[PDB]
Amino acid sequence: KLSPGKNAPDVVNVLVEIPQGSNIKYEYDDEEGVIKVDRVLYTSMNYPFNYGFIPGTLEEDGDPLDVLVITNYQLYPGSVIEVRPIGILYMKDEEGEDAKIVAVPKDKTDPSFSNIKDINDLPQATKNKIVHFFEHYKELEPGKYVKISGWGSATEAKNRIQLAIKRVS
């Protein structure tokens, strides 16, 4: 009942699962059609961004493409927001390779993020925080782990989204 957006990949729809600041990992279950509590982070950390996925996309891992929506406020689990991809984050975990889109709200939704057009527009401190988060929030979970490969530019991210949409199309 949801699509990636008429203007993909320049602007895409993101269904929020985890509000920013949260320390509870919610996960949207398309089958049952509900937001399920996967697990309460075993570490004393919290999501430094709103987390969700672009509906109508499919990655090589069989899952829709994830998005790290950067704002200074939280959104409600299950709400949809239109974002602008500004980059991509490459990483490897116990399951294998993975990539997550990094985005800010589209300009008309929140004009205070208009100057952030690419991953290099983010303060170094913010990038370090995000990287550190992914590399330590699952540590205390038996057999899990994450290692950040590197970052990608907005153009790169836009491509990943294109393929992800094509796979389902």
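Start at 1 and count along the sequence shown; that's the residue number.
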query	finding
Stretch with the higher entry mean CA B-factor, where the candidates are 146-154 and 16-24	146-154
7-15 set against 156-164, stretch whose average Cα temperature factor tops the other in the entry	156-164
Residue selected from 124, 112, 50, 43 by maximal Cα B factor	124
Residue, from 119, 35, 54, 104, that the PDB entry assigns the highest Cα B-factor	119
Third of chain Cα B-factors occupied by residue 81	lowest
Residue 141 by Cα B-factor - lowest, middle or highest third of the modelled chain	lowest
Chain-relative CA temperature factor third for residue 93	lowest
Residue 65, C-alpha B-factor rank within chain (lowest, middle or highest third)	middle
